[PDB]
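For reference, the chain that follows is the form deposited in one PDB entry, supplied as structure tokens.
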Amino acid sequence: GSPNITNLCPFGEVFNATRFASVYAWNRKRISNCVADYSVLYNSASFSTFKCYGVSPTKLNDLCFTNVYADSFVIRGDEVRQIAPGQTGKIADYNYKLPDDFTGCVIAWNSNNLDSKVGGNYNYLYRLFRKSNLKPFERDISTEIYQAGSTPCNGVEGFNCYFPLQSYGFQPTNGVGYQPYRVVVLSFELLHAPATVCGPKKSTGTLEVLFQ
């Protein structure tokens, strides 16, 4: 027959979501126990980045013993280079860290037309200060006052005592390096038990639905 709509993989929901997470609170969606939605399509015009590391994107079709994690968030154009193995900087250090041996794909696109507004969109936040670098795929959503000097802060902001999250200000007139970019990181979770719903790499005949 045909799969239940509950059994279609929600890749379209990842890329087409109306709102994206702030990078410090990056969102992870597990894609599992599902088969491809043949109505979901993107082209070279959709993305400015689509790079995979150590893996073909055709692995996204193999979910019988694998889950896909789609991590998504908004950062600045000039920070997209940090969503890659072996990078350092504000995003890699304190917000979203990929491992040196990363296996998976990174997709990004310019979201100026949705995420910037006249006078600035301030709803996207990043972590600016942290006592140590994030481990790969670590997530920090704490909001403790950061002690930048030797004097303890005792929970009050001042010189050397800073609230650690700060807002991007996305204006449509910003240069492209300061415009917002939506980012989707696809990685794989190897499983020990077979999926209830999935499909083989070799075609089973689903292509006929495009000509119906």
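Only residues modelled in both forms are compared. Numbers for residues come from their place in the sequence shown, where the first is 1. Between two forms, the rigid core is the largest collection of C-alphas that superpose within 1.5 Å.
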{"item": "43 to 51 versus 152 to 160 - which carries the larger mean C-alpha B factor in the record", "value": "152 to 160"}
{"item": "Stretch with the greater mean C-alpha B-factor as recorded in the entry, comparing 67 to 75 against 112 to 120", "value": "112 to 120"}
{"item": "Per the PDB entry, maximal CA B factor within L60, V184, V176, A36", "value": "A36"}
{"item": "Chain-wide C-alpha B factor ranking for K97, given as lowest, middle or highest third", "value": "lowest"}
{"item": "Third of the chain, ranked by Cα B-factor, where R81 sits", "value": "middle"}
{"item": "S56 CA temperature factor, ranked by third within the chain", "value": "middle"}
{"item": "Chain-relative CA temperature factor third for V23", "value": "lowest"}
{"item": "Third of chain Cα B-factors occupied by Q171", "value": "middle"}
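Omitted here: the form solved in complex with a partner chain. The next part is about that form.
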| query | finding |
| --- | --- |
| Candidates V40, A148, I145, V176 - which moves between the shown form and the other one, C-alpha at least 2 Å, core fixed | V40 |
| Residue shift check between the shown form and the other one, rigid core fit, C52 Cα at least 2 Å | no |
| Rigid-core frame, C-alpha of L63, shift of 2 angstroms or more between the shown form and the other one | yes |
| Large Cα move at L191 between the shown form and the other one, threshold 2 Å, rigid core | yes |
| Direction of C-alpha distance change in the deposited complex, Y38 to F47 (at least 3 Å) | closer |
| Change in CA distance between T58 and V68 in the deposited complex, which is 3 Å or more, as closer or farther | farther |
| Once both forms are overlaid on the core, stretches between the shown form and the other one of 3 or more residues with C-alpha shifts of 2 Å or more | 35 to 45, 56 to 65, 154 to 157, 189 to 200 |
